[PDB]
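Alright, here's a single protein chain in two forms, structure 1 and structure 2, each given by itself as structure tokens.
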Structure 1
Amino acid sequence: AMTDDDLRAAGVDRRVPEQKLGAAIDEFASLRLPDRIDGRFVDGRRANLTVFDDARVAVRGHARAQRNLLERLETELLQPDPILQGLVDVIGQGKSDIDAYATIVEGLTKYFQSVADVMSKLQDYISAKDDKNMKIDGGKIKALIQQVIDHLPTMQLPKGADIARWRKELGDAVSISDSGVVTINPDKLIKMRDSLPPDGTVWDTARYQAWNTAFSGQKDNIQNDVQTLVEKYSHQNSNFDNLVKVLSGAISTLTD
């Protein structure tokens, strides 16, 4: 019964938030540090942050659209009918996942967006000196990265949520407390920060390439974290699409 376009019609299209997130990933990946490319010191790329904003509001909108549909389904479906209780519990579980995921993706997208910001701001603190050396104001950048660390966003799971389950679900890139407060590991940010040098430093093509490779590696590690999160997020959207399809079949079967 419940078909794909049936969900789309109800205003539920996972592809929207999924594409927007992949667009924010493509943007981030497109950012780089200045470097010598084909006999020319080419400055890095400046990020379009609005892309990340688009992804957050789209994730929020999908979440709202999902609960709406879930609520209509639950209300239409309602000693003793074991099927009724079962589905009712499933719905409760679905509702919590919807929120839990929207919150997490939202927070990581803000953190992701904040990194894109420093990846573009630091372009003004790194230039070329001669032709085989670069100048880098490490201090200025360092402070740029610390600002992100200092203002990392904090996320709260839905009341009565299996913390143990989310710890293993979310992975190492994040951290959860017994209160359900999830925080973002600053591991990559710290490494990237402690790689910089004193303001006014000047390294040769080899010294700069060495660091920029190290640095770039940490940034790519940040993008894998979000890619893994996004992939898990999508699997959630599938599960939702599924629960909703079986809920509809149940209503049909049960009516009458």
Structure 2
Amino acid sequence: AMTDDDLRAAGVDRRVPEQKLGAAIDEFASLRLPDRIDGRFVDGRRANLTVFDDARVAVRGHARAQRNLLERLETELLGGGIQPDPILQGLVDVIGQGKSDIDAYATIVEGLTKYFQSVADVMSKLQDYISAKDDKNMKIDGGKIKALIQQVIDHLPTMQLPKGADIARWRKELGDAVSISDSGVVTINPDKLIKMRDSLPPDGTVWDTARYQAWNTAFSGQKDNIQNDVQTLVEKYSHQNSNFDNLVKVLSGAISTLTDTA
């Protein structure tokens, strides 16, 4: 494929997973805890977690479509006694790196989106433990909420980079929202979830509105940090998808040129 319309006709459209990820980000952003505004109790807003499922499905599907297109291009290329022109293997190697990057990013984005989803899930569930008390107070069963948060921390997704992955490069690329082991195991830094957990009072806590709002503001600060981490990684994923499109345009042009000069 040489144009964007050509790419879509070959079954690849990066706008699909990128928009579904954007929708998931908007869903996360929309989540709100209960509050008391000028004295009236306002129910929170919980997350429709299926938006996150839709994003995970689209990211998986896009990676499959990308791999399929590379496989077709590779087949096009492959395609004393004069041996096969070395440029053909060279381009196959470039294709192989492309396949690795597709897979890596799909795995990383799947895992991070599952994490993002699980944070949305806990921030929805925990609202059952915040309620109106008296005419001007809030009750927060914070011990129950700590347990919910710890359940998330305990089950954070891990991801395995492709064999041969340049670990130093991936550490730079992903940043410190994750850790990567020397064997390519990517784990999610639990620091924001820990800060959220440690902010909570015990069960049965009764707070005046002002103290509740101070806590909610701190909690939201951590929530917004997690949203920023995911926004950042979705932007990097979008750059990868742009790189893929450019790779295909390069390979298609190469194949065209080699066909004319054949």
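Along the sequence of structure 1, residues get numbers from 1 upward. So that the term is clear: the rigid core is the largest set of C-alpha atoms that superpose within 1.5 Å between two forms.
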**Report entry** Identity of the moved residue from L152, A143, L84, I163, C-alpha shift 2 angstroms or more, core fit between structures 1 and 2
**Finding:** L84
Query raised in the report: Does the C-alpha of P198 move 2 Å or more between structures 1 and 2 once the rigid core is lined up?
Result: no
**Report entry** between structures 1 and 2, C-alpha offset at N221 (rigid core aligned, Å)
**Finding:** 0.3
Requested in this report: Could you check how much the CA of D38 shifts between structures 1 and 2 after a rigid core fit, in angstrom?
Outcome: 4.9
Report summary line: In Å, the rigid core superposition gives a C-alpha shift for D131 between structures 1 and 2 of 2.9
